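Student: Protein chains in written order, with the deposited numbering: chain C, 299 to 343, 347 to 348; chain D, 194 to 204, 211 to 242.
Virtual Cβ for every residue (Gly too), placed ideally from N, Cα, C.
1. Per DSSP, which one or two residues make a beta bridge with residue 217/D?
2. Given this structure, state the Cα-to-Cα distance separating residue 218/D from residue 197/D, to the nearest angstrom.
3. Return no unless some Cβ of chain D is closer than 9 Å to the Cβ of residue 325/C.
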């Protein structure tokens with residue numbers, strides 16, 4: 299039977315809402331390009 | 194890579216030589232991973 303009895307009070311209804319949203323987005327692009335050449339020429343006059 | 198080496202001389212006599220070298224190398228690599236995960240608990 300518990301510890302107390304109700305001497306007075308109100309009756310009715312309780313309505314509660316908790317609603318939570320958490321979005322994260324990440325996009326990352328890394329690009330690297332390397333171009334190298336050598337050229338050489340030798341000759342005299347015939348070679 | 195491209196290399197050329199040739200000799201052409203007159204002397211009577213005449214001698215000529217030519218050597219041709221070509222080389223190409225190519226490499227490509229591609230790798231892809233996609234992971235998609237959904238958890239939905241309702242009670």
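Tutor: Taking the coordinates as given:
1. 199/D
2. 6 Å
3. The beta-carbon of residue 325/C is placed no less than 9 Å from the nearest beta-carbon of chain D.
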